[PDB]
Amino acid sequence: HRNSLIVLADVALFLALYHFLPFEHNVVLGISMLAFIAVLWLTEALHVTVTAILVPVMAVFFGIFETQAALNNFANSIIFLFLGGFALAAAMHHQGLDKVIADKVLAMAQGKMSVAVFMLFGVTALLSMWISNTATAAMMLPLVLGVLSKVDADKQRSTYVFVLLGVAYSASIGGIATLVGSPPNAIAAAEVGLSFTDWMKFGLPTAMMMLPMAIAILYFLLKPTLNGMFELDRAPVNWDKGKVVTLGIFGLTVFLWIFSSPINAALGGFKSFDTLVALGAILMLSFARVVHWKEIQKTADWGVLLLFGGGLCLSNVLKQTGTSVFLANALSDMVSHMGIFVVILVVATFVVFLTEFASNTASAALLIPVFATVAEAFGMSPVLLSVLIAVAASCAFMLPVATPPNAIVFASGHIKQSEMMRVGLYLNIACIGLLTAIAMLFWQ
Amino acid sequence: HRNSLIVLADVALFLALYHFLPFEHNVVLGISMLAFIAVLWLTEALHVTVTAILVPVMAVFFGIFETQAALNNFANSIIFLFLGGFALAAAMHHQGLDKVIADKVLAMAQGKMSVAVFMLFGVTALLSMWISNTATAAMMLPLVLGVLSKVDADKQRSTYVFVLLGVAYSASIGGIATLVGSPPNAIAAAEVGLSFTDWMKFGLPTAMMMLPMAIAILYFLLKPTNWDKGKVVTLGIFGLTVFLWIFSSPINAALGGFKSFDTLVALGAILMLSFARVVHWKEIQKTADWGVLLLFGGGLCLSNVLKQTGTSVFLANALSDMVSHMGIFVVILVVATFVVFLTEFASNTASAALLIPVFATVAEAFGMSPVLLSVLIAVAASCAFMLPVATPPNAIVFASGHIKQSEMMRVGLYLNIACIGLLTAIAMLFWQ
Ligand SMILES: O=C(O)/C=C/C(=O)O
Ligand code: NA
Ligand code: NA
Ligand code: NA
Ligand code: NA
């Protein structure tokens, strides 16, 4: 098979780099490993999580760490803060609080495709802030195909592709608003030690800008939906048992997540307060009987939770072997010749296009450690590159295979490959600007 | 709701013990917490895992530990050693290697009900060694009901309940052979730091003995009776994993002495199984019981809450005279007896999650090897044989809408007493 070969080709690459690199053994090991993992995660010949589990089992056998010390990465507070976000999402889906949020808002538009689709995007993004990205897409597709049936003429495609590609992007832009939403955010927060409200100060404003900037680009390429009528055909929804409760807990949780800084300070200064709140939410939702555990076990992506640990293990493997400082020495002249504009532009550009070929999180899982630790060897705060890398990681807008949401609206069997491949090629450039713009603004 | 009250009553209980107990404040906290958690886990007002997650958020807020230090319990090497067993199960089930293991064995009996039912038990136990207990029962139930169709006499119950209660017990007794099999076993290994081959030297002989003793009691009551793509690979990988797990002691030592070698072997299996393409991760993620994996961490955090607060030494001091008045026989007989019946009323693992920390840490304050009480407790925890709701395998063969509550309650009442003897018997021999 292909992937069995990519692994074999990668295994050879490691053995080659291992015996032939002419540096201090620690650097040779860290270099060989970083290459090995980079392939397995970008090619994905092996499952992201399988590669994640491979990270510790390597460091342990090659004397970098001891077994228990390596595994301890998989229990970082962010993992549980993310697992708390999973149970918080699983709750309002099994409860239907996502459905009622779509109807009550989508019915606010009386019957206009103009104010409908503009409401479909705002809801898809708002829902990605807390639930997910791949999950929010599948939940929206039937609601879009339902609306896009009055103008059911396929020969009227562009009226019916603008709404499909629009939500698939709003789900990705929504995941850039909060620490929960896309693993990349958690990978950055866990790498540089970000709080929920810390990452929101970065991503949310960026998403505020990217959503209009993204619709404008979608609008002014082939919008033909001004006229149209609504066919809300199905049983309406209605606030049932504790859908207000889930909203209350949710709102309460997000209130503590936002006001965690003063709440925690005016409480004794606990360590991972946001992680506790995420764990506290898991409790309230269970005491309030609103969600069973079987639900969370399905919704939770334990592979990403395992990936989180694998990514932190890598970050620590780069340091212990000095590969973080060795690469900073290697880039000394190169990076001194470059400006930080070129850097954040090269990085942003590199990822915003790199994420088109590989998984969103699999890209951050590899670059967030390298750039953060190398930025550290340079004595630079790994926050900027990490948040930057983590944000541009969720900027997959060209071909599918970049993000599941892309392949979700593509399986609708209507939007042409070429159609998507070129809207993202424009949006990618748009973000490289906005990001480098915002990345420059978020400086002083 | 019923359970919603237990929680409220338990919060009050904590406030009461907290405000009214007159001991060093730490003992009040550790005692209050131990009671709080003890209720939540035996009553199950909250899901086992919800209570487990409640442990760290408690210790963290009540200054016992720091958030990250508390959470670090959920990454113990035993947890990952068990996750390897899950991928090892998901592999050979998604491969179908468990069914073919039942067919190849079940057809070896030419056409005899006498040798038929006796073969259904041996496979349920063999499959519980590696797969699970609730899963081994549900996986066996269709295969068990299938045999009981030639002689389908309805009011021929005892001919048709001995085979149902036999597997429901063989699934629970089978899980006492290896560190993978039943969560209680893993809880002991994580508490006292046992290796895979260490726990097998203890449990496997006991499982060798308990299975016949269990069928004999059922017998002598009213008994009137293609190897495809890489199924050899799954079998190969599996065998390789178990070979390293057994010979891990010399293999690891003759390699540089890695720390949690069994955990490495367990994680290596997850890798071999994935490189060999024989099982996808979505399979491993489904078969894996992440709730139990989270529970493992919660139980270790409690154990550390008992020590950090001194409740282990306070209870060791409180039980000082009582245990000195008792022989070690009297102690392990009270203990063994205490659980073998407690496991009838509460979950198998929920019993070990609470008793293994308390007894192990107190036994340690006595300067005693906490292995015996811990391994003992973990074994007697899987001795639920009376009423249903003791173990899913019990409630699995019970949902057949045929086996009477009283019928099971008195065959198990015989097995329970039978086990209290066997356990205390072996527990006494395993001393010097
Ligand atoms: O291992 C199981 O399936 C169940 C264990 C228990 O409930 O004790
Ligand atoms: Na999201
Ligand atoms: Na991607
Ligand atoms: Na088992
Ligand atoms: Na039980």
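Counting neighbours? That spans all protein chains shown, and the Cβs are built from the backbone with ideal geometry, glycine included. Every read-out reported here was derived from the displayed coordinates using simple, explicitly stated rules and does not represent laboratory data.
Per-structure values
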{"quantity": "Inter-chain shielding of B:246-259 (mean C-beta neighbours from other protein chains, 10 Å cut-off)", "calculated": "1"}
{"quantity": "Most to least packed among B:267-280, A:187-200 [average Cβ atoms within 10 Å]", "calculated": "A:187-200, B:267-280"}
{"quantity": "Distance (nanometres) between label positions extended 7 Å along Cα→Cβ at B:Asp152 and A:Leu232", "calculated": "5.4"}
{"quantity": "Euclidean distance of C-alpha centroids, segment B:362-395 and segment A:1-72, integer Å", "calculated": "41"}
{"quantity": "Shape category assigned to segment B:202-336 from the gyration tensor of Cα positions, a/c cut at 1.5", "calculated": "oblate"}
{"quantity": "Surrounding net charge for B:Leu46, when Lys and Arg each add one and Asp and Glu each subtract one, Cβ distance under 11 Å", "calculated": "-1"}
{"quantity": "For segment A:10-134: relative contact order, % (alpha-carbon pairs under 8 angstrom, 6 or more apart)", "calculated": "15"}
{"quantity": "Value of relative contact order over chain A, rounded to a whole percent, pairs C-alpha under 8 Å and six or more apart", "calculated": "24"}
{"quantity": "Listed peptides A:44-57, A:97-110, B:366-379 by packing density, highest first (mean Cβ within 10 Å)", "calculated": "A:44-57, B:366-379, A:97-110"}
{"quantity": "q = 0.13, 0.15, 0.21 Å⁻¹: log10 I(q)/I(0) that the Debye formula gives for segment A:369-433, counting C-alpha atoms only", "calculated": "-0.48, -0.59, -0.82"}
{"quantity": "Cβ neighbours within 10 Å from other chains - mean over B:327-338", "calculated": "0"}
{"quantity": "Cα-based Rg / Dmax (Å) for segment A:214-272", "calculated": "21.5, 58"}
{"quantity": "Phi-based couplings in Hz for segment B:164-173 (Karplus 6.51, -1.76, 1.60; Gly and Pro marked x)", "calculated": "6, 5, x, 6, 4, 8, 5, 5, 7, 6"}
{"quantity": "Furthest towards positive pole of dipole, B:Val389, B:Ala16, B:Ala188, structure part the protein assembly as shown, Cβ charges", "calculated": "B:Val389"}
{"quantity": "In nm, spacing of pseudo-spin labels at B:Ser320 and B:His280 (7 Å Cα→C-beta vector)", "calculated": "6.2"}
{"quantity": "Once the Cα gyration tensor of segment B:273-357 is diagonalised, semi-axes √(5λ) in Å", "calculated": "37, 17, 11"}
{"quantity": "Residue of A:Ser359, A:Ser114, A:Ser386 that the Gaussian network model of chain A assigns the largest fluctuation, springs spanning Cα pairs under 10 Å", "calculated": "A:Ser114"}
{"quantity": "At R0 = 30 Å, FRET efficiency that the Cβ-Cβ distance of A:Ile263 and A:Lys294 yields, to 0.05", "calculated": "0.40"}
{"quantity": "Least to most buried among B:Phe162, A:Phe397 (fewest other Cβ within 10 Å first)", "calculated": "B:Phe162, A:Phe397"}
{"quantity": "Chain B - mean residue ellipticity at 222 nm from DSSP helices (-39,500 (n - 2.57) per run, n ≥ 4, rounded to 500)", "calculated": "-24500 deg cm²/dmol"}
{"quantity": "Modelled FRET efficiency - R0 35 Å, A:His337 with A:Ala35, Cβ distances, 0.05 increments", "calculated": "0.90"}
{"quantity": "Cβ-based exposure ranking for B:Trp281, B:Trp245, in which fewest neighbours within 10 Å come first", "calculated": "B:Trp281, B:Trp245"}
{"quantity": "Note, ³J(HN,Hα) from phi for segment B:110-123, Karplus 6.51, -1.76, 1.60, rounded to Hz, x at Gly and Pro", "calculated": "5, x, 10, 5, 5, 7, 6, 4, 4, 7, 5, 5, x, 7"}
{"quantity": "From phi via Karplus (6.51, -1.76, 1.60), per-residue ³J(HN,Hα) for segment B:281-288 in Hz, x at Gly/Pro", "calculated": "6, 3, 5, 4, 5, 6, 4, 4"}
{"quantity": "Choice from A:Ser418, A:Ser128, A:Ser286 with maximal GNM fluctuation in chain A (Cα, 10 Å cutoff)", "calculated": "A:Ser418"}
{"quantity": "Relative exposure of A:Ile79, A:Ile429, judged by other C-beta atoms within 10 Å (fewest first)", "calculated": "A:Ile429, A:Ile79"}
{"quantity": "Cα-based shape type of segment B:232-309, given that a ≥ b ≥ c are square roots of the gyration tensor eigenvalues and the cut on a/c is 1.5", "calculated": "oblate"}
{"quantity": "Pairwise FRET efficiency - A:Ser4 versus A:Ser412, Cβ, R0 = 25 Å, nearest 0.05", "calculated": "0.15"}
{"quantity": "Selected from A:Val60, A:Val352, A:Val325 as most flexible by GNM, with chain A as the system and alpha-carbon contacts under 10 Å", "calculated": "A:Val60"}
